[PDB]
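Next up, start.cif (mmCIF, C-alpha atoms and all ligand atoms):
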```
data_final
#
loop_
_atom_site.label_atom_id
_atom_site.label_comp_id
_atom_site.auth_asym_id
_atom_site.auth_seq_id
_atom_site.Cartn_x
_atom_site.Cartn_y
_atom_site.Cartn_z
CA UNK U 1 -11.17 17.59 308.65
CA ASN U 2 -10.53 17.34 312.46
CA UNK U 3 -7.96 20.22 312.79
CA UNK U 4 -8.84 23.23 315.06
CA UNK U 5 -9.85 25.66 312.19
CA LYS G 849 -6.51 6.27 321.88
CA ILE G 850 -8.00 7.59 325.11
CA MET G 851 -5.46 7.59 327.93
CA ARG G 852 -5.79 7.72 331.71
CA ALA G 853 -3.28 8.94 334.27
CA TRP G 854 -3.01 10.05 337.88
CA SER G 855 -3.89 13.74 338.35
CA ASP G 856 -0.12 14.16 338.79
CA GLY G 857 0.33 13.14 335.11
CA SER G 858 2.19 9.90 335.98
CA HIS G 859 1.06 6.29 335.35
CA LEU G 860 -0.02 7.27 331.82
CA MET G 861 -1.68 4.30 330.10
CA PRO G 862 -4.21 3.76 327.27
CA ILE G 863 -7.63 2.55 328.39
CA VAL G 864 -9.50 2.76 325.06
CA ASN G 865 -7.48 1.95 321.93
CA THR G 866 -9.89 -0.18 319.87
CA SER G 867 -12.51 1.01 317.36
CA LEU G 868 -11.60 4.69 317.64
CA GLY G 869 -11.37 7.45 315.06
CA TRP G 870 -11.15 11.14 316.06
CA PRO G 871 -12.23 10.95 319.76
CA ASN G 872 -12.91 14.70 319.90
CA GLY G 873 -14.69 15.14 323.25
CA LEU G 874 -14.58 13.71 326.78
CA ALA G 875 -16.98 13.97 329.72
CA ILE G 876 -17.61 12.37 333.12
CA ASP G 877 -20.99 11.24 334.44
CA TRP G 878 -20.45 12.33 338.04
CA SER G 879 -23.57 10.51 339.31
CA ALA G 880 -22.55 7.10 337.94
CA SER G 881 -18.75 7.67 337.69
CA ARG G 882 -18.62 6.77 333.99
CA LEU G 883 -16.38 8.25 331.29
CA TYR G 884 -18.12 9.43 328.11
CA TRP G 885 -16.48 10.14 324.76
CA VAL G 886 -17.58 10.76 321.20
CA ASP G 887 -16.16 9.97 317.76
CA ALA G 888 -16.19 12.18 314.66
CA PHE G 889 -15.04 9.38 312.31
CA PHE G 890 -17.51 6.65 313.34
CA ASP G 891 -20.03 9.26 314.62
CA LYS G 892 -20.89 7.40 317.83
CA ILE G 893 -21.24 8.20 321.52
CA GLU G 894 -19.71 5.71 323.93
CA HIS G 895 -19.39 5.42 327.70
CA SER G 896 -17.48 3.15 330.05
CA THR G 897 -16.12 2.71 333.56
CA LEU G 898 -13.09 4.81 334.53
CA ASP G 899 -10.88 1.75 333.83
CA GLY G 900 -12.12 1.52 330.21
CA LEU G 901 -14.14 -1.61 331.12
CA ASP G 902 -17.86 -2.19 330.51
CA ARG G 903 -17.79 -0.29 327.22
CA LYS G 904 -21.22 0.59 325.82
CA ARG G 905 -22.43 2.52 322.78
CA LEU G 906 -25.51 4.76 322.58
CA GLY G 907 -28.07 4.47 319.79
CA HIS G 908 -27.87 6.37 316.49
CA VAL G 909 -28.35 10.13 316.79
CA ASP G 910 -30.28 11.33 313.75
CA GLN G 911 -28.16 14.05 312.09
CA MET G 912 -24.98 13.97 314.22
CA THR G 913 -22.09 13.66 311.76
CA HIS G 914 -19.16 15.65 313.25
CA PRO G 915 -19.57 15.96 317.05
CA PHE G 916 -16.75 17.91 318.69
CA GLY G 917 -17.53 18.49 322.37
CA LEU G 918 -19.94 16.95 324.87
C1 LIG X 1001 -4.20 -1.12 324.08
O1 LIG X 1001 -4.77 -1.08 325.37
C2 LIG X 1001 -4.54 -2.29 326.12
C3 LIG X 1001 -5.33 -2.16 327.41
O2 LIG X 1001 -6.73 -2.12 327.15
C4 LIG X 1001 -3.05 -2.47 326.37
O3 LIG X 1001 -2.84 -3.76 326.95
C5 LIG X 1001 -2.23 -3.71 328.26
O4 LIG X 1001 -0.87 -3.33 328.24
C6 LIG X 1001 -0.41 -3.00 329.57
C7 LIG X 1001 1.05 -2.61 329.43
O5 LIG X 1001 1.34 -1.49 330.27
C8 LIG X 1001 -0.59 -4.13 330.59
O6 LIG X 1001 -1.10 -3.56 331.79
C9 LIG X 1001 -1.52 -5.27 330.16
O7 LIG X 1001 -0.77 -6.47 329.99
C10 LIG X 1001 -0.43 -7.31 331.12
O8 LIG X 1001 -1.33 -7.41 332.23
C11 LIG X 1001 -1.03 -8.59 333.02
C12 LIG X 1001 -2.04 -8.69 334.14
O9 LIG X 1001 -2.01 -10.01 334.70
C13 LIG X 1001 -3.28 -10.68 334.55
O10 LIG X 1001 -3.82 -10.62 333.22
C14 LIG X 1001 -3.09 -11.39 332.23
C15 LIG X 1001 -3.76 -11.16 330.89
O11 LIG X 1001 -3.04 -11.79 329.83
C16 LIG X 1001 -3.07 -12.86 332.64
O12 LIG X 1001 -2.32 -13.60 331.68
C17 LIG X 1001 -2.44 -13.00 334.01
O13 LIG X 1001 -2.47 -14.36 334.44
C18 LIG X 1001 -3.17 -12.12 335.02
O14 LIG X 1001 -4.46 -12.66 335.28
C19 LIG X 1001 0.41 -8.56 333.56
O15 LIG X 1001 0.67 -9.80 334.20
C20 LIG X 1001 1.40 -8.31 332.43
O16 LIG X 1001 2.72 -8.15 332.94
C21 LIG X 1001 3.68 -8.51 331.92
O17 LIG X 1001 4.13 -7.39 331.15
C22 LIG X 1001 4.84 -6.38 331.90
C23 LIG X 1001 5.16 -5.26 330.93
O18 LIG X 1001 3.98 -4.66 330.41
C24 LIG X 1001 6.07 -6.99 332.55
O19 LIG X 1001 6.71 -6.00 333.36
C25 LIG X 1001 5.67 -8.18 333.41
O20 LIG X 1001 6.83 -8.82 333.93
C26 LIG X 1001 4.86 -9.17 332.59
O21 LIG X 1001 5.68 -9.80 331.61
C27 LIG X 1001 0.96 -7.08 331.69
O22 LIG X 1001 0.95 -5.98 332.61
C28 LIG X 1001 -2.30 -5.11 328.85
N1 LIG X 1001 -3.67 -5.54 329.01
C29 LIG X 1001 -4.30 -6.17 328.02
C30 LIG X 1001 -5.77 -5.90 327.88
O23 LIG X 1001 -3.69 -6.92 327.26
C31 LIG X 1001 -2.26 -2.39 325.07
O24 LIG X 1001 -0.87 -2.30 325.34
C32 LIG X 1001 -2.68 -1.19 324.23
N2 LIG X 1001 -2.03 -1.26 322.94
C33 LIG X 1001 -1.79 -0.18 322.18
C34 LIG X 1001 -1.31 -0.44 320.79
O25 LIG X 1001 -1.97 0.96 322.60
CA CA X 1002 -18.02 12.11 309.95
#
```
Using structure tokens, write down the structure from this file.
Amino acid sequence: XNXXX
Amino acid sequence: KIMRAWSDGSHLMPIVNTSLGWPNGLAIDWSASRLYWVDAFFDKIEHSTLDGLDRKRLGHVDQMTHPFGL
């Protein structure tokens, strides 16, 4: 997805 | 959306809010004074004037599929 890890 | 404001943080306003998905990265072309961004949903690099006018899109980059920073 686009979340920071 | 990609928003612009005074360096004070006031006058916050959208300048790019059409055809955007996951605008991960931003950059400035100091020579030409043009804002660059990049999408991770549509996988495209775009650039425009600091007002969000004169929007252009770069050509396809071969294997770029999730660009984060530029
Ligand atoms: C998506 O992003 C766009 C911008 O790309 C936003 O649209 C803009 O919303 C702003 C709201 O803060 C406005 O600056 C702007 O809308 C108006 O701009 C007018 C400028 O006057 C000239 O242009 C109009 C164009 O229709 C023309 O008719 C006129 O004759 C002039 O040539 C202002 O006049 C207008 O003022 C009106 O609204 C304000 C409140 O906002 C009142 O206080 C005034 O009394 C008056 O009724 C207004 O400022 C928008 N520009 C565009 C491109 O439409 C969207 O809002 C963003 N949407 C989302 C979902 O994020
Ligand atoms: Ca993708």
query = So how many Å separate atom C12 of ligand LIG 1001 (chain X) and atom CA of residue 897 of chain G, to one decimal?
reply =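 Interatomic distance here is 18.1 Å.
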key: Neighbourhood of ligand LIG 1001 (chain X) at 12 Å, counting all atoms listed in the file, reported as an MDAnalysis selection string   = chainID G and resid 849:852 859:868 898:903
task = Just give me the gap between atom CA of residue 874 of chain G and atom CA of ligand CA 1002 (chain X) in Å, one decimal is fine.
result = 17.3 Å
query = Nearest to residue 4 of chain U among G:893, G:909, G:885, G:916, with distances taken over only C-alpha atoms: which residue is it?
reply = G:916
task = Go through G:917, G:857, G:869, G:907 and flag the residue nearest ligand CA 1002 (chain X), using all atoms listed in the file for the distances.
result =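 Of G:917, G:857, G:869, G:907, the one nearest ligand CA 1002 (chain X), counting all atoms listed in the file, is G:869.
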request  = Kindly give the distance, in Å, that separates atom CA of residue 891 of chain G and atom CA of residue 879 of chain G, rounded to a single decimal.
outcome  = 25.0 Å
Could you add N, CA and C atoms to chain U and give me the result as a PDB file, keeping the file's coordinate frame?
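The file below, selection-v3.pdb, is the result:
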```
ATOM      1  N   UNK U   1     -12.000  18.581 307.922  1.00  0.00           N
ATOM      2  CA  UNK U   1     -11.170  17.590 308.650  1.00  0.00           C
ATOM      3  C   UNK U   1     -11.397  17.734 310.161  1.00  0.00           C
ATOM      4  N   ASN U   2     -10.399  17.368 310.984  1.00  0.00           N
ATOM      5  CA  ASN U   2     -10.530  17.340 312.460  1.00  0.00           C
ATOM      6  C   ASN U   2      -9.651  18.419 313.105  1.00  0.00           C
ATOM      7  N   UNK U   3      -8.852  19.149 312.303  1.00  0.00           N
ATOM      8  CA  UNK U   3      -7.960  20.220 312.790  1.00  0.00           C
ATOM      9  C   UNK U   3      -8.796  21.364 313.390  1.00  0.00           C
ATOM     10  N   UNK U   4      -8.234  22.047 314.399  1.00  0.00           N
ATOM     11  CA  UNK U   4      -8.840  23.230 315.060  1.00  0.00           C
ATOM     12  C   UNK U   4      -8.755  24.436 314.117  1.00  0.00           C
ATOM     13  N   UNK U   5      -9.721  24.554 313.178  1.00  0.00           N
ATOM     14  CA  UNK U   5      -9.850  25.660 312.190  1.00  0.00           C
ATOM     15  C   UNK U   5      -8.516  25.915 311.480  1.00  0.00           C
TER      16      UNK U   5
END
```
